[PDB]
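Heads up, the chain below is alone and in the form deposited in one PDB entry; it's given as structure tokens.
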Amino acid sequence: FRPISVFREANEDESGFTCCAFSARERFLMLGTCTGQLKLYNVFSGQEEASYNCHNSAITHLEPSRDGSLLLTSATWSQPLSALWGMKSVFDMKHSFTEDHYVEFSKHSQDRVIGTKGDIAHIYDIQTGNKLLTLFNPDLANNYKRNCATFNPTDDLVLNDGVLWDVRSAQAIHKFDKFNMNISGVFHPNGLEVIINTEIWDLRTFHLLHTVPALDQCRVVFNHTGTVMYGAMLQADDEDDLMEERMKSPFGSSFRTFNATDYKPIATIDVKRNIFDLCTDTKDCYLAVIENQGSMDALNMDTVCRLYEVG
């Protein structure tokens, strides 16, 4: 990971980048900010290209569609908590999801959105914005504190709060036992296993395939071939109150890469600054990382975006 470029938010006394994703027009990166703005930057020059007002509170997370026509944003406390934006010619809101604090596109045909409100998953149609489904069963819930509902690679299954759902039947098919307080788990890109905190479960059998202690409290993302996994550990203290939560960046100061087939470790990278987000481009040539240089972490938040060459 050779450093290629660095830049901070233009105009602003304290740089407020909070999250990032490469846009379809490569060389340009989309970043959310702590003031609910979506901004476009040239990742090589550091030149701000555009700014759009998306939310009345800090952007927490975002996801562009693969075809570059749509964008999902999630905010912090203001409603709508998530929104869907059109990126063709003019930028504007197509739909809003007022109570979902997290949203993802469906994965195969990106024709739906899955939002999360606490323990509950919502599936929406991208065209109409209609809620197509609610997935929640209080007798199976694990009540994961940072639950995130997610589609599998073919969109026929959903993982929500540690419960595996069959979409077409809106039926829960399996409940994975609870072994941590926060992380609810993601699908592996191969479609045949799930990664729930430190537990790797086989969807063929529900046998435990791997214990990976390094993944505790981690979020993960895969390179586009599905051969490498990035993971970074959330900063936690559940005994933190509301004020103490804001004092922290989302992640610690290191991320790890793992072989995606057997979870063996590849690299451990410590950028010596706490991490807000990271992403790769579709070709996995570049890694973008939002790094806080603030002396007291997110207390005096002051983030830069670093572009690294993926070797």
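The first residue of the sequence shown is number 1, and the count goes up from there. Only residues modelled in both forms are compared. Here, rigid core means the biggest group of C-alpha atoms that superpose within 1.5 Å across both forms.
Same protein, other form: the form deposited in another entry, not shown, and the subject of what follows.
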Handout entry: Large Cα move at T268 between the shown form and the other one, threshold 2 Å, rigid core
Key = no
Handout entry: Core-superposed comparison between the shown form and the other one, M30 Cα displacement 2 Å or beyond
Key = no
Exercise for the section: Classify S45 as shifted (yes) or not shifted (no) between the shown form and the other one, where shifted means its C-alpha moves by 2 Å or more with the rigid core superposed. Expected result: yes
Problem - Direction of Cα pair change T227-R25 in that other deposited form, magnitude 3 angstroms or more - result: closer
Handout entry: Cα-Cα shift for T225 and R25, closer or farther in that other deposited form, minimum 3 Å
Key = closer
Exercise for the section: Run through the residues found in both forms and list the stretches of 3 or more in a row whose CA moves by 2 Å or more between the shown form and the other one, fitted on the rigid core. Expected result: 24 to 27, 43 to 46
